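The chain below stands alone and is given in structure tokens; this is the form deposited in one PDB entry.
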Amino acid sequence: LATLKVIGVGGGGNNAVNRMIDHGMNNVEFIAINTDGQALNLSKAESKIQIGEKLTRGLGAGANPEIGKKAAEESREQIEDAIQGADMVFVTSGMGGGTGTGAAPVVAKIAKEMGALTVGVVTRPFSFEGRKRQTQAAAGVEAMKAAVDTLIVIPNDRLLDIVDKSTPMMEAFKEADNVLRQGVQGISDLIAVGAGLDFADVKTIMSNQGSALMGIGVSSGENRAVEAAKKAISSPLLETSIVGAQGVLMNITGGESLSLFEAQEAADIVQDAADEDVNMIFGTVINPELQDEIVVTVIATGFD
């Protein structure tokens, strides 16, 4: 086994967790974290932790990371016992808020302290949200880098091209929750069901690496594997030059038709796009609910 815990920190972070529940992830345990008592109620997670009750009285962090920072420090023990037993902890949050920007780095440090492989999956706010949010988020990012083994950062502006253009600003973060689900699912599924690798290989590629890029490719057809890999390494989601990688993790999820030769033909594509001296590790995830559709996920770490 491997105990995989996903911890949502903040408003958007918890919205992502709900989205993961409704999507039907099962290899993972979900924790909700917020200084907002009301929004925490709306968490579909099995475990909810109110933080900083004596400091904020359950009313939200008012968009100041500093408040979120001590709120988590004040409730360290409750965080500590939630993270308990986890071989690996995902911290997912939106950067630029209060509870998220401030507390998530704390949640990450505690988890990494306890000896869990700690991966952060976060977003940069939209550009239109303003300079304050931007700066607050940049500080939020950097804080996380020092608190996690591996940080995945997804700018919301990079999703703006795949937003409908017929979308209210209320629904504007439904693509962020989606990618956050994919970010977590792509890795977690590799550990649980994946063949061809195992948890110890993932710890090697991911411990103390720093920033990581993620790319996803979906395809079906005669040479579906190659096309799916080709989409993943040319995905919009990353600043494209994965070539800087000193580590690559690959998830090829498919149906029962998915063969080894197909996997390899897709693994070769990714390897040719990265440094020749890259430590590549990849695995096969079987989802029988798929017939011909294949999903390739690459996480490039170790840079730089």
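Just so we're on the same page, rigid core means the largest C-alpha set that superposes within 1.5 Å between forms. Start at 1 with the first residue shown and count on from there.
A summary of the deposited B-factors shows that, of 137-145 and 215-223, the stretch with the larger mean C-alpha value is 215-223. On average the C-alpha atoms of 80-88 have higher B-factors than those of the other stretch, with 182-190 and 80-88 being the two compared. Of the candidates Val296, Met25, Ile286, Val9, the one whose C-alpha carries the top B factor in the deposited record is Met25. Note on the listed residues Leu249, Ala267, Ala39, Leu258: the highest Cα temperature factor in the record is that of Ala39. Annotation for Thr123: C-alpha temperature factor in the lowest third relative to the rest of the modelled chain, per the entry. In the PDB entry, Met95 places in the lowest third of its chain by CA B-factor. Ranked against the other modelled residues of its chain, the C-alpha B-factor of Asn34 as given in the entry falls in the middle third. Per the PDB record, residue ranking by Cα B-factor puts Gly254 in the lowest third of the chain. Split the chain's modelled residues into thirds by C-alpha temperature factor. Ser75 is in the highest one.
What comes next is about the form deposited in another entry, which is not displayed.
Once you line up the core between the shown form and the other one, the CA of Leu213 is the only one from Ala71, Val202, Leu213, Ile83 that shifts by 2 Å or more. Once the cores line up, the CA of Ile252 ends up 2 angstroms or more apart between the shown form and the other one.
Annotation: Cα of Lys174 displaced by at least 2 Å between the shown form and the other one, core superposition.
Taking the rigid core as fixed, one finds a CA shift for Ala225 of 2 Å or more between the shown form and the other one.
Whereas the displayed form keeps them at a certain spacing, the CA atoms of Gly120 and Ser241 lie at least 3 angstroms closer in the other entry. In the other entry, the Cα atoms of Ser241 and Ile152 sit 3 Å or more nearer to each other than they do here.
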